[PDB]
C-alpha cells in the first residue's frame, strides 16, 4: 500500500487498540493520532466523523497533520471492520489465515467474544452486576481455543479483536479496579489463578508477549493510570 493511513482513537481505547494492533501486525506505514478521552474532542474531528464515533481511520488523500484531516481521504469506523480493512489493504501480512475455513474460525472466535464475553466485561466491570456470567463467558471463549497458540493457531485478527479487552481484564483484576463487590473481585481473581482458567491465562500471557501488542499497549502502568481516570 501507498495510500496514507491515519488511525484516530481516543487514548488507550481498546477498540482503537484493536486497529493499532493490526496496523503494527500489518507492517503498515501509518500515523497515530490520539484524542484525550476526557476533553470534548476537537472541533476539527467532525471532519473525521460527524458523530464523533471512535475509533476511525482516514485513508488516502494528501499527507496532512491529523488535526487537519483532508476532506479527500476516505474515513472509516467500526473497530472490527477496521481490522478486516487492514487485512484487505495488507493481504501479504496474512492478518487472517489463508484458507476460507481458517478465516471463518478466526471470525467465529471473535463472534464468541462479541456474543458472550464482551457484554459481561461491561456488566461485571462497569455496571457491577453478578460476575457469574462473566466467568462463564470467559470459560466459553476459552473452550474455543486450541490447546496451545492462538485462536486459529497463528496470530490473527481474532487476537487483535480480543486482546485489548482480555488484557485490560487481567490488568483491572490484578489491580482491583471495577464496580464489582470485594467478594466478586476475590472470586474473579481466584478463578483466574485456578486451573480452570489456565488456558485463558496462557492465551493472555502469549498475547502480551506479541510485539504488536507491546508497542500498542505502552506498558501496564500507563493503562492503569488511564483506567483509574474512568
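Residue numbers count along the first chain shown, from 1.
On average the C-alpha atoms of 120-128 have higher B-factors than those of the other stretch, with 120-128 and 77-85 being the two compared.
Of the two segments, 189-197 and 41-49, the one listed with the higher mean B-factor is 41-49 (C-alpha atoms only). The PDB entry assigns the greatest CA B-factor among 26, 166, 177, 161 to 177. Placement of the Cα temperature factor of residue 209 within the chain: middle third of the modelled residues, per the deposited record. Remark: residue 69 belongs to the highest third of its chain, ranked by C-alpha B-factor as recorded. Residue 14 sits in the middle third of its chain by CA B factor, as recorded in the PDB entry. The entry lists a Cα temperature factor for residue 62 that places it in the highest third of the chain's modelled residues. Residue 92: CA B factor lies in the highest third for its chain, per the PDB record.
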